[PDB]
């Protein structure tokens, strides 16, 4: 059982104000810590919602997330929701677009995607 528990997921983002507007203001993560790493040269923003932790490294040095084809490594992060329509409505009201609703090919449960300011796919799944 060494690998049963996630400490955090880390994300690379391009712009500080975009990151606060999206993750903190809209998604409702709270700031745990914020520190500027002069050497690196970035901002490290740790965010908490519930027992979940999200670590965001912010820098204009990162090129675009590969697509068509996507690259090896982490692809997307999915959130479990109780009733997907209300979450979609909430996001749309905040100016966050969502893909049309569909069902999972192998499970039959509702799902869709929205995207962070740098185009990171974020899934909603019932």
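Numbering follows the first chain given and starts at 1.
Averaged over Cα atoms, the B-factor as recorded in the entry is higher for 35-43 than for the other of 67-75 and 35-43. With 117-125 and 1-9 compared on mean CA B-factor from the PDB entry, the stretch scoring higher is 1-9. Remark: residue 107 belongs to the highest third of its chain, ranked by C-alpha B-factor as recorded. Per the deposited record, the Cα B-factor of residue 85 falls in the lowest third when ranked against the other modelled residues of its chain. Residue 29: CA B factor lies in the highest third for its chain, per the PDB record. Among all modelled residues in its chain, residue 58 ranks in the lowest third by Cα B-factor. In the PDB entry, residue 96 places in the middle third of its chain by CA B-factor.
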